[PDB]
There are 2 protein chains.
Amino acid sequence: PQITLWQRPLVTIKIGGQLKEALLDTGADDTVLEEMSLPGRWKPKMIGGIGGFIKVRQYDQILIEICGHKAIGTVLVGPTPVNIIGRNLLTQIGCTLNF
Amino acid sequence: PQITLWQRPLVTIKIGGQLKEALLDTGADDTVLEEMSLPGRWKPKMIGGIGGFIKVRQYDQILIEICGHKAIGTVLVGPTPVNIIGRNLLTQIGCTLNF
Ligand SMILES: N#Cc1cccc(S(=O)(=O)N2C[C@@H](O)[C@@H](Cc3ccccc3)N(Cc3ccc(O)cc3)C(=O)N2Cc2ccc(O)cc2)c1
């Protein structure tokens, strides 16, 4: 679909069989989700945000559906203002910026 | 032009007679740039996300040239680690998300 930016580019995503609202974020290198349960082991990772660096839990090869498009990749879990879909998953769903 | 997301979508903008590199961020409500001087009055604002919050100065009615497109909008100036072009100006250049 084509998404204009007058409002926040929020879409429905599905992970672990659960529907969630998330933000299509082109300025985010990685996908960062609010505290939730994910299977497997996780690795430690640092991501730099507007106010500084934080620790997050990295889960790799996670299945997630973004606005109807299925993807499989790295998902980071930590304190975040909103569920963020970063470039690693936007590329998987073929999302591009246009003007 | 169509911009893919394999890398951060970085463009050159022209503001206040200065050329800067910036990140087109659909996840940012506002345009926030590193410390710089801007004409006119300003009001203090607080913005947050990953890492927390930072205080910035809000300047309204500021002209900016993005990818050759002359847009007018609000610009926040503060200790951000990266120059960010937010939705308030992305809309003015007709930037959309597609997949
Ligand atoms: N909608 C929405 C929304 C609201 C509050 C916070 C948010 S948000 O927290 O994702 N957000 C917008 C993100 O695009 C992103 C912007 C960024 C800041 C510093 C360095 C790199 C990138 N970022 C950090 C980040 C980095 C990597 C990653 O993998 C995920 C996230 C960030 O700090 N934001 C604050 C920010 C708030 C308001 C602005 O005008 C500009 C920036 C989104």
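Only heavy atoms go into these numbers, but all of them, side chains included; no hydrogens, no water, no symmetry mates. A note on names: the letters A, B, ... follow the listed sequences, proteins ahead of strands, and every chain is numbered from 1. Order of appearance sets the numbers: ligands from 1, and atoms from 1 within every ligand.
Here the shortest heavy-atom distance to atom 5 (C) of ligand 1, taken over A:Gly52, A:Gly78, B:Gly48, A:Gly86, belongs to B:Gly48. For atom 3 (C) of ligand 1, the nearest non-hydrogen atom from the set A:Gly51, A:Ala28, B:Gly27 belongs to B:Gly27. In this comparison of A:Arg8, B:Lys45, B:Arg8, A:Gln7, the heavy atom closest to atom 4 (C) of ligand 1 sits on A:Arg8. Among A:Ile50, A:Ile47, A:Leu10, the residue whose heavy atom lies closest to atom 33 (O) of ligand 1 is A:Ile50.
A:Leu63 belongs to a hydrophobic cluster whose other members, connected by ILVMFWY side-chain contacts under 4.5 Å either directly or through intermediates, are A:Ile72.
Side-chain contact annotation: A:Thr74 with A:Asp60, donor-acceptor N/O pair under 3.5 Å present. With 3.5 Å as the limit, one finds a donor-acceptor pair spanning the side chains of A:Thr31 and A:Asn88.
Close approach of ligand 1 to A:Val32 is summarised as follows: ligand atoms under 4.0 Å from at least one heavy atom of the residue are 29 (O), 30 (C). Counting the atoms of ligand 1 from 1 in the order shown, those under 4.0 Å from a heavy atom of A:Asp25 are 10 (O), 12 (C), 13 (C), 14 (O). Which parts of ligand 1 touch B:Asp30 is read off a 4.0 Å heavy-atom cut-off, strictly below it: atoms 40 (O).
Nearest approach of A:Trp6 to B:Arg87, heavy atoms of both residues: O-NH1, 2.9 Å.
Considering only non-hydrogen protein atoms, atom 10 (O) of ligand 1 sits nearest to A:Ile84 CD1, 3.1 Å. Of the protein's non-hydrogen atoms, the one nearest atom 9 (O) of ligand 1 is B:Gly49 CA, 3.2 Å. Looking from atom 19 (C) of ligand 1 to the surrounding protein, the closest heavy atom is B:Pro81 CG, 3.4 Å.
At least one side-chain heavy atom of B:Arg8 sits less than 4.5 Å from a side-chain heavy atom of B:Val82. Contact of the A:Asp30 side chain with the A:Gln58 side chain is not registered, since no non-hydrogen atoms from C-beta on lie closer than 4.5 Å. With contacts defined as side-chain heavy-atom distances shorter than 4.5 Å, the pair B:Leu90/B:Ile85 qualifies.
When non-hydrogen atoms are compared, ligand 1 lies under 4.0 Å from the side chain of A:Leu23 (C-beta onward) but not from its backbone.
Residues passing the ring-ring contact (aromatic ring centres under 6.0 Å, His included) test with A:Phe99 are B:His69, sequence neighbours excluded.
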